[PDB]
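The next block holds one structure in the form of structure tokens; read it before the comments.
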Amino acid sequence: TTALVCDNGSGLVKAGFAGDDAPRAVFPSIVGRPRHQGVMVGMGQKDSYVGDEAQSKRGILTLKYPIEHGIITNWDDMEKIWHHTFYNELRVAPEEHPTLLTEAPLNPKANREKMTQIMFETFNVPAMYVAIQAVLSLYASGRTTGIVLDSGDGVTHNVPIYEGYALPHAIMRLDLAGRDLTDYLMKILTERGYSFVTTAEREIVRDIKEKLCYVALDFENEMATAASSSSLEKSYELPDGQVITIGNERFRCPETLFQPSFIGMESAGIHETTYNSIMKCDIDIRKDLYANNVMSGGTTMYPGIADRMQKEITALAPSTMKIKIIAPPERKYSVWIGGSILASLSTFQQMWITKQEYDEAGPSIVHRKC
Amino acid sequence: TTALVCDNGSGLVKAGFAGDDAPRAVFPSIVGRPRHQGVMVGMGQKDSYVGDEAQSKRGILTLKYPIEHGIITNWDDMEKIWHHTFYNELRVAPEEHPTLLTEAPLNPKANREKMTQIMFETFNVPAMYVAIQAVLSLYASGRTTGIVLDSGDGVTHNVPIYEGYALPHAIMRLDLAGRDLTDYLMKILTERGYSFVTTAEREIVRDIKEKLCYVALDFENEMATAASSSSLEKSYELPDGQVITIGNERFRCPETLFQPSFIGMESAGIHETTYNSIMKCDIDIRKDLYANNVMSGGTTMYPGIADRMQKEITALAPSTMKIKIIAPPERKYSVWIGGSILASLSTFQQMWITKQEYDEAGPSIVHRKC
Amino acid sequence: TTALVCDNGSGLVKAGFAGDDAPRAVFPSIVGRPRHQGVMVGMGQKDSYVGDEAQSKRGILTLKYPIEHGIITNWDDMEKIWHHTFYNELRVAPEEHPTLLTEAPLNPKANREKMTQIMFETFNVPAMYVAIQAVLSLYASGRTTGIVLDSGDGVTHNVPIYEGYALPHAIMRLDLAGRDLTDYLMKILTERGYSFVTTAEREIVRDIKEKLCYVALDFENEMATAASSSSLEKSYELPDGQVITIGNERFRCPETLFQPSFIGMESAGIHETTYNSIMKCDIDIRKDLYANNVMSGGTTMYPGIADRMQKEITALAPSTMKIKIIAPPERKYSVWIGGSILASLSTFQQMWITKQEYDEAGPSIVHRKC
Amino acid sequence: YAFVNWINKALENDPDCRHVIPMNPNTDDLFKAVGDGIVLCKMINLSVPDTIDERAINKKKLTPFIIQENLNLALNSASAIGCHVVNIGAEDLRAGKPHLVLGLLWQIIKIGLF
Ligand SMILES: Nc1ncnc2c1ncn2[C@@H]1O[C@H](COP(=O)(O)OP(=O)(O)O)[C@@H](O)[C@H]1O
Ligand SMILES: Nc1ncnc2c1ncn2[C@@H]1O[C@H](COP(=O)(O)OP(=O)(O)O)[C@@H](O)[C@H]1O
Ligand SMILES: Nc1ncnc2c1ncn2[C@@H]1O[C@H](COP(=O)(O)OP(=O)(O)O)[C@@H](O)[C@H]1O
Ligand SMILES: [Mg+2]
Ligand SMILES: [Mg+2]
Ligand SMILES: [Mg+2]
């Protein structure tokens with residue numbers, strides 16, 4: 001039947017069907033739990049908040065991310081979210097629809113085996129496939145050659161693909177996609193008399209970052225502009241009724257991606273990460289890697305990220321041959337779009353992990369079929 | 001001639017000189033203002049009260065704390081308090097003696113610049129410096145390495161230090177030191193029939209907490225002892241001529257420090273805050289941070305808290321190496337003692353905020369020098 | 001004056017007198033730099049750490065390896081490295097003591113020239129000499145005929161020597177000794193729910209490799225044993241307090257030396273390199289080469305490297321005559337011991353590179369004097 | 001203990017160093033104060049006493065918590081003789097190491113005598 005393309009992650013959940021161009025089930029991967037005391041009978045019966053029922057009542061609920069930087073630590077909540085997105089969101093039965101699940105590279109074997117065992121035992125899916133998000137994002141761009149920079153909520157890796165073939169030794173995983181940026185904004189908001197310690201304000205702060213923060217071209221020029229003038233002061237309306245205005249902490253937050261020293265990280269920025277990935281590939285394939293920079297994920301939605309990283313790569317290049325930057329509009333769903341495109345192909349039907357072969361092999365068949 | 005150190009805390013104010021070991025000007029940070037009607041001519045001459053005259057005449061006077069969790073919400077009152085301290089308490093000339101001021105980390109920039117401007121233009125001092133209260137608490141219990149469990153009147157911030165290296169990303173500030181405990185005690189005192197609405201009654205409740213409240217070891221065993229027996233019953237004599245009897249609320253009040261959910265906060269306790277701050281630190285520095293917890297501030301002198309968070313850390317530890325916590329007898333005044341100790345430094349003399357440099361730099365010289 | 005012998009290496013650098021049987025310089029060759037903020041006065045006053053001074057503080061510092069497979073890129077840190085090696089472990093004056101230098105073969109003339117000038121200009125050396133590590137390591141075994149496999153931390157070269165004569169056309173170089181092994185181990189350690197990205201854990205990973213990793217005899221049999229049984233599971237105690245346990249990634253790391261496909265390079269393994277070197281020699285001298293395989297360097301001390309190498313060469317042998325693998329206990333210091341023995345000879349005093357001859361010769365004096 | 005006497009006889013070029021290193025009574029005052037670099041500023045008194053005074057650069061305003069100000073202040077004056085061990089910084093010399101102290105004393109001996 002129609003395969004289910006479910007892109008589970010630490011942030012939003014992208015669940016849909018195979019062959020479609022946009023997912024249907026979109027909701028953050030947040031589990032809310034009651035924390036107040038129920039004084040009136042009839043409303044304390046519900047304690048399972050997975051979808052939008054937790055976002056609306058975030059002030060009386062405890063929003064927690066059971067996935068931590070592409071690592072599933074709370075499988076009990078993942079089972080609840082999976083059941084929700086399979087019953088109420090997609091409104092389909094996984095028992096006859098294969099579910100396409102994605103997994104970040106350099107992932108532990110326990111995380112890969114548990115997500116397989118749960119589907120074969122609890123959901124008893126007839127078959128599924130586990131694919132890398134970076135590989136799937138390449139099909140969304142229509143290309144088969146070029147490094148793909150993937151960045152979601154807490155995972156940022158660089159998997160260069162040359163003529164379909166990928167280089168496992170050219171893969172490094174950086175745990176800075178969206179969560180550390182949110183934490184940095186959380187910390188730097190306290191310099192303006194703002195207090196942000198509760199988990200209910202995390203969604204509001206993330207929205208403020210998404211609608212106000214932007215990747216700056218020159219950091220020192222932005223510092224000079226903010227210190228001298230105040231032309232980049234944008235105000236925000238808090239849901240409770242308060243009014244805030246931030247002009248300096250707007251472009252400082254996205255600069256942590258290029259300068260991880262703000263959050264105390266020994267790893268380099270994303271601009272040098274792609275260059276380092278290219279350096280460890282072949283010298284005869286660097287032409288196809290400089291001219292193919294396809295980013296994916298919702299992280300690179302800032303107004304000016306592509307120009308900034310192009311300038312960084314040009315500065316990091318010996319100025320010998322040109323650099324080309326690909327920023328498709330469907331970057332937040334490029335992983336899901338690529339998964340749907342691949343699952344809709346005719347050659348993809350014969351490597352799904354069917355139930356009989358999984359039972360005869362075991363949980364380790366996911367490491368051999370994927 | 002000599003440097004001045006004025007510890008501006010949320011509940012108590014400590015002031016003195018450079019090189020001293022015991023503060024001289026110690027008085028609560030309270031502002032007394034008349035609110036009744038005076039029928040006798042000659043007694044209603046003073047407009048506001050700063051020193052202990054408001055404390056002794058609290059029956060016809062109110063109490064107003066201008067600092068609210070490390071933030072000076074009332075600067076007119078602190079100008080009066082600073083003038084009183086420099087005139088009647090210290091009895092020195094501020095224009096000829098540098099003053100050292102205290103400020104908690106994660107503080108707003110405008111607040112920090114106000115202790116700069118109000119001192120430079122009003123008092124016209126030669127030079128000052130703005131230090132960190134965590135660093136000052138790390139000036140009175142001698143050791144180059146150790147995280148400080150600073151907890152004053154309304155600020156509880158934990159800064160990890162390894163050989164001296166401070167980690168700004170590892171600073172966890174909590175706005176629950178002494179005021180939340182006092183409010184908890186007042187609201188739990190109403191169950192037995194003791195209402196406390198008047199702000200002038202705050203000092204009596206604070207003294208009751210200081211002399212009766214203590215941190216227990218296990219909360220469930222304390223519940224069992226209080227419900228079954230009545231051995232932990234102590235009486236207090238009110239100044240107006242009445243006696244109380246509290247036996248269950250003695251140890252419940254300090255329990256809010258480790259379980260802030262009693263008053264309705266989503267943050268963790270002081271025993272877990274240090275652990276989380278250590279977890280986000282490095283891997284080869286935790287050995288010198290597990291057995292090092294600087295305990296100080298106006299909050300942490302309860303008889304039974306040191307062993308309490310020692311046991312909490314040991315339980316939260318993988319049981320690898322030892323945990324030991326120093327509790328210097330001068331806990332409350334460790335901030336002022338550390339301020340004077342810092343003022344007694346050698347290279348500290350040429351890096352005060354120079355008036356000539358400040359005038360050509362501006363209000364932002366505090367963030368550049370400090 | 002007593003001659004000095006210094007053995008430089010990517011991981012460990014050795015120094016000492018000529019004639020001594022025991023080494024003196026035992027320290028990792030690493031460079032660290034301050035990266036944290038000092039809130040207390042008097043700190044941050046260092047340009048670059050070198051060696052154990054960074055090893056003892058590997059939590060708040062980075063790690064830099066200026067030696068990249070015997071290639072000297074940044075000479076500013078190499079000045080510090082040589083200053084560490086000489087004065088801290090000799091205490092004699094090189095200005096009036098001859099020093100014997102070591103250098104990897106197939107080294108571009110620029111590196112040798114610059115290390116010569118540095119000795120003749122930064123120092124005031126009366127007579128120096130530069131020798132190949134493989135040639136010097138032959139004197140440690142007491143032989144003058146046979147190949148020597150010198151494998152340090154990033155250098156792996158095979159220089160066959162027959163009756164003192166060496167074959168320039170049979171000399172190759174492989175950049176896989178200990179560094180790519182460490183990278184492979186820290187990459188594969190992430191499959192067991194571990195995180196290894198920063199260099200602060202690099203020394204711990206190297207220690208775990210040195211005390212756990214071992215060259216396996218049969219890799220497929222080891223896979224079968226690890227998958228079926230759980231007997232080869234040894235635990236490590238992390239310095240901070242956590243406990244790790246690795247059973248499969250132990251013998252996988254040393255297998256990269258024989259199977260270069262793990263790191264993705266087209267070059268052959270260490271077992272085929274010596275066979276190819278022998279094949280490049282004469283057919284009448286292979287008898288002295290098969291029975292003389294002296295091991296040296298920091299790599300070839302795995303528990304089971306000698307037997308595996310013997311089996312690999314026997315599989316490559318035409319089944320005509322015996323293969324002998326020499327693995328002296330002092331494989332870490334074979335180069336230094338051989339250099340000390342050679343410099344102790346009376347003949348070796350008459351070809352040191354004197355300063356007076358260098359003054360009229362020029363920078364290329366090492367090229368025909370060594 | 002003989003090393004103390006050797007260092008005394010070698011460094012009597014500047015007798016003011018004997019207020020840091022042991023003055024022939026074989027004590028162990030050398031390591032901590034030399035790690036602070038006090039001898040480097042003292043060594044100039046070889047020819048002329050009119051230079052950085054021992055009580056002028058440091059009179060122990062190193063407060064009972066932070067004693068971190070003297071080491072960098074005195075080690076920055078190492079322009080004389082020259083610490084040819086540029087590997088070491090004042091960070092590690094805060095406590096001192098045997099090999100590092102020996103390496104720095106190597107330069108002290110070498111340049112201290114003309
Ligand atoms: N317009 C925007 N501006 C800035 N950041 C954005 C914008 N839209 C999305 N983001 C960031 O992109 C991230 C998307 O993460 P996501 O891919 O959902 O993680 P996961 O794949 O783990 O679910 C979010 O954390 C969000 O902070
Ligand atoms: N002996 C004590 N026992 C319990 N609480 C105390 C004691 N002494 C002071 N406190 C609390 O400390 C608070 C004042 O702290 P403060 O001295 O202002 O801290 P800091 O000196 O760090 O500014 C008061 O609210 C009071 O409740
Ligand atoms: N006992 C051991 N077993 C396995 N590997 C080791 C052992 N000792 C050192 N190594 C590795 O070898 C490297 C050190 O090489 P080095 O001592 O610099 O070689 P050389 O002696 O040729 O200079 C380091 O990566 C270290 O991990
Ligand atoms: Mg994603
Ligand atoms: Mg204080
Ligand atoms: Mg070597």
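Ligands are numbered from 1 in the order shown, chains are lettered A, B, ... in the order of the structure tokens, and residues start at 1 in each chain.
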
- Task: Using only C-alpha atoms, select each residue of chain D with any atom at most 6 Å away from an atom of chain B, and give the selection as a count of residues only.
- Result: 4

- Message: ligand 5: which residues are within 8 Å, counting only C-alpha atoms and all ligand atoms? Reply as a PyMOL selection string.
- Response: chain B and resi 7-10+102+133+137+150-153+297-298+332-336

- Please, which residues have at least one atom within 8 Å of an atom of ligand 1, using only C-alpha atoms and all ligand atoms, listed as a ChimeraX atom specification? /A:7-14,28-29,67,69-70,151-155,177-179,181-182,206-207,209-214,297-303,332

- If we count only C-alpha atoms, what is near range 364-367 of chain C at a cut-off of 10 Å, once residues fewer than 5 positions away on the same chain are taken out, given as a PyMOL selection string? chain C and resi 109-110+112-117+128-130+352-355+357-359

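Here CA of residue 246 in chain C stands at a distance of 24.1 Å from atom 17 (O, counted along the ligand's line) of ligand 3.
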
Polymer residues at most 8 Å from residue 21 in chain D, only C-alpha atoms, same-chain spacing of 6 or more positions, as a PDB file with N, CA, C and O atoms, in the first residue's frame:
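Writing the result to selection_1.pdb gives the following:
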```
ATOM      1  N   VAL D   4      71.146  22.771  46.072  1.00  0.00           N
ATOM      2  CA  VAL D   4      70.967  24.108  46.634  1.00  0.00           C
ATOM      3  C   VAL D   4      72.294  24.855  46.659  1.00  0.00           C
ATOM      4  O   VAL D   4      72.384  26.019  46.250  1.00  0.00           O
ATOM      5  N   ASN D   8      73.429  28.126  44.555  1.00  0.00           N
ATOM      6  CA  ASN D   8      73.948  29.300  45.249  1.00  0.00           C
ATOM      7  C   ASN D   8      75.262  29.765  44.634  1.00  0.00           C
ATOM      8  O   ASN D   8      75.439  30.949  44.324  1.00  0.00           O
ATOM      9  N   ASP D  28      64.022  24.320  50.903  1.00  0.00           N
ATOM     10  CA  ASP D  28      63.269  24.104  49.672  1.00  0.00           C
ATOM     11  C   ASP D  28      62.380  25.293  49.321  1.00  0.00           C
ATOM     12  O   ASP D  28      61.252  25.101  48.855  1.00  0.00           O
ATOM     13  N   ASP D  29      62.866  26.519  49.527  1.00  0.00           N
ATOM     14  CA  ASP D  29      62.079  27.707  49.207  1.00  0.00           C
ATOM     15  C   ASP D  29      62.140  28.036  47.718  1.00  0.00           C
ATOM     16  O   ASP D  29      61.450  28.954  47.261  1.00  0.00           O
ATOM     17  N   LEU D  30      62.950  27.305  46.952  1.00  0.00           N
ATOM     18  CA  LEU D  30      63.208  27.677  45.564  1.00  0.00           C
ATOM     19  C   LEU D  30      61.969  27.508  44.689  1.00  0.00           C
ATOM     20  O   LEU D  30      61.623  28.402  43.910  1.00  0.00           O
ATOM     21  N   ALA D  33      58.595  30.114  44.811  1.00  0.00           N
ATOM     22  CA  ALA D  33      58.857  31.511  44.488  1.00  0.00           C
ATOM     23  C   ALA D  33      59.511  31.667  43.118  1.00  0.00           C
ATOM     24  O   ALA D  33      59.244  32.647  42.413  1.00  0.00           O
ATOM     25  N   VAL D  34      60.370  30.723  42.723  1.00  0.00           N
ATOM     26  CA  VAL D  34      60.940  30.760  41.379  1.00  0.00           C
ATOM     27  C   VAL D  34      59.855  30.520  40.336  1.00  0.00           C
ATOM     28  O   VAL D  34      59.872  31.123  39.255  1.00  0.00           O
TER      29      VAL D  34
END
```

- Select all residues from chain C having any atom no more than 10 Å from an atom of chain B (counting only C-alpha atoms, ignoring ligands), output as a list in words. residues 34, 35, 36, 37, 38, 39, 40, 41, 42, 43, 44, 56, 57, 58, 59, 60, 61, 200, 201, 204, 237, 238, 239, 240, 241, 242 and 243 of chain C

- Message: List the spatial neighbours of residue 88 in chain C as a count of residues only - criterion: any atom at most 10 Å away, only C-alpha atoms, same-chain residues fewer than 5 positions off excluded.
- Response: 16

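Distance-wise, CA of residue 186 in chain C and CA of residue 73 in chain C end up 24.5 Å apart.
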
- Item | helix (DSSP H, G or I) residues, from DSSP on the backbone, in chain D, as a VMD selection string | chain D and resid 2 to 11 15 to 19 30 to 35 38 to 46 54 to 57 69 to 75 90 to 93 98 to 112

- Surrounding residues of residue 232 in chain B excluding itself and chain neighbours under 5 positions, 9 Å, only C-alpha atoms, as a VMD selection string: chain B and resid 225 to 226 246 to 248 250

- Query: Within 10 Å of range 265-268 of chain B, counting only C-alpha atoms, which residues qualify if same-chain residues fewer than 5 places away don't, as a PyMOL selection string?
  - Reply: (chain A and resi 35+62+197-200) or (chain B and resi 174-176+256-260+273+276)

Go ahead and dump the residues you just picked, N, CA, C and O atoms, as a PDB file, in the first residue's frame.
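As written to disk, result-v2.pdb reads:
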```pdb
ATOM      1  N   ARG A  35       0.868  19.316  36.143  1.00  0.00           N
ATOM      2  CA  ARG A  35       1.700  19.671  37.281  1.00  0.00           C
ATOM      3  C   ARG A  35       0.965  20.462  38.355  1.00  0.00           C
ATOM      4  O   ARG A  35       1.512  20.629  39.451  1.00  0.00           O
ATOM      5  N   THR A  62       3.962  20.348  31.700  1.00  0.00           N
ATOM      6  CA  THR A  62       5.421  20.273  31.703  1.00  0.00           C
ATOM      7  C   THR A  62       5.871  19.752  30.341  1.00  0.00           C
ATOM      8  O   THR A  62       5.807  18.549  30.074  1.00  0.00           O
ATOM      9  N   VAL A 197      12.994  30.994  32.810  1.00  0.00           N
ATOM     10  CA  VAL A 197      13.435  29.763  33.450  1.00  0.00           C
ATOM     11  C   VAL A 197      12.458  28.608  33.269  1.00  0.00           C
ATOM     12  O   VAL A 197      12.860  27.447  33.446  1.00  0.00           O
ATOM     13  N   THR A 198      11.201  28.867  32.926  1.00  0.00           N
ATOM     14  CA  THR A 198      10.206  27.813  32.806  1.00  0.00           C
ATOM     15  C   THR A 198      10.233  27.192  31.413  1.00  0.00           C
ATOM     16  O   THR A 198      10.674  27.805  30.438  1.00  0.00           O
ATOM     17  N   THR A 199       9.748  25.952  31.334  1.00  0.00           N
ATOM     18  CA  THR A 199       9.663  25.246  30.062  1.00  0.00           C
ATOM     19  C   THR A 199       8.512  25.732  29.192  1.00  0.00           C
ATOM     20  O   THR A 199       8.525  25.481  27.983  1.00  0.00           O
ATOM     21  N   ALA A 200       7.524  26.417  29.774  1.00  0.00           N
ATOM     22  CA  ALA A 200       6.431  26.955  28.975  1.00  0.00           C
ATOM     23  C   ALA A 200       6.888  28.126  28.117  1.00  0.00           C
ATOM     24  O   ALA A 200       6.354  28.338  27.023  1.00  0.00           O
TER      25      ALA A 200
ATOM     26  N   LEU B 174      19.427  30.951  40.448  1.00  0.00           N
ATOM     27  CA  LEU B 174      18.084  30.665  40.937  1.00  0.00           C
ATOM     28  C   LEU B 174      17.620  31.820  41.811  1.00  0.00           C
ATOM     29  O   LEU B 174      18.367  32.286  42.677  1.00  0.00           O
ATOM     30  N   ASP B 175      16.392  32.282  41.582  1.00  0.00           N
ATOM     31  CA  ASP B 175      15.831  33.392  42.351  1.00  0.00           C
ATOM     32  C   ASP B 175      15.018  32.867  43.538  1.00  0.00           C
ATOM     33  O   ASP B 175      13.839  33.168  43.713  1.00  0.00           O
ATOM     34  N   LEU B 176      15.685  32.060  44.361  1.00  0.00           N
ATOM     35  CA  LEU B 176      15.069  31.515  45.567  1.00  0.00           C
ATOM     36  C   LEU B 176      16.160  31.330  46.608  1.00  0.00           C
ATOM     37  O   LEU B 176      16.810  30.280  46.634  1.00  0.00           O
ATOM     38  N   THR B 256      11.825  23.951  50.872  1.00  0.00           N
ATOM     39  CA  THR B 256      11.571  24.577  49.579  1.00  0.00           C
ATOM     40  C   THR B 256      12.862  24.787  48.795  1.00  0.00           C
ATOM     41  O   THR B 256      12.829  24.882  47.563  1.00  0.00           O
ATOM     42  N   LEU B 257      14.004  24.855  49.487  1.00  0.00           N
ATOM     43  CA  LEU B 257      15.280  25.027  48.799  1.00  0.00           C
ATOM     44  C   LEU B 257      15.583  23.857  47.873  1.00  0.00           C
ATOM     45  O   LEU B 257      16.032  24.063  46.739  1.00  0.00           O
ATOM     46  N   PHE B 258      15.350  22.628  48.334  1.00  0.00           N
ATOM     47  CA  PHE B 258      15.582  21.438  47.525  1.00  0.00           C
ATOM     48  C   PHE B 258      14.387  21.056  46.667  1.00  0.00           C
ATOM     49  O   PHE B 258      14.566  20.416  45.626  1.00  0.00           O
ATOM     50  N   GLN B 259      13.177  21.430  47.077  1.00  0.00           N
ATOM     51  CA  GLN B 259      11.958  21.152  46.321  1.00  0.00           C
ATOM     52  C   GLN B 259      11.208  22.463  46.136  1.00  0.00           C
ATOM     53  O   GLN B 259      10.275  22.771  46.892  1.00  0.00           O
ATOM     54  N   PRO B 260      11.589  23.268  45.140  1.00  0.00           N
ATOM     55  CA  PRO B 260      10.897  24.544  44.907  1.00  0.00           C
ATOM     56  C   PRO B 260       9.475  24.393  44.389  1.00  0.00           C
ATOM     57  O   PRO B 260       8.805  25.409  44.175  1.00  0.00           O
ATOM     58  N   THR B 273      20.768  21.749  41.258  1.00  0.00           N
ATOM     59  CA  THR B 273      21.309  22.827  40.436  1.00  0.00           C
ATOM     60  C   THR B 273      22.819  22.702  40.288  1.00  0.00           C
ATOM     61  O   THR B 273      23.357  22.840  39.183  1.00  0.00           O
ATOM     62  N   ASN B 276      23.596  19.691  37.949  1.00  0.00           N
ATOM     63  CA  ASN B 276      23.401  20.009  36.537  1.00  0.00           C
ATOM     64  C   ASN B 276      24.465  20.975  36.033  1.00  0.00           C
ATOM     65  O   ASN B 276      24.930  20.851  34.893  1.00  0.00           O
TER      66      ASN B 276
END
```
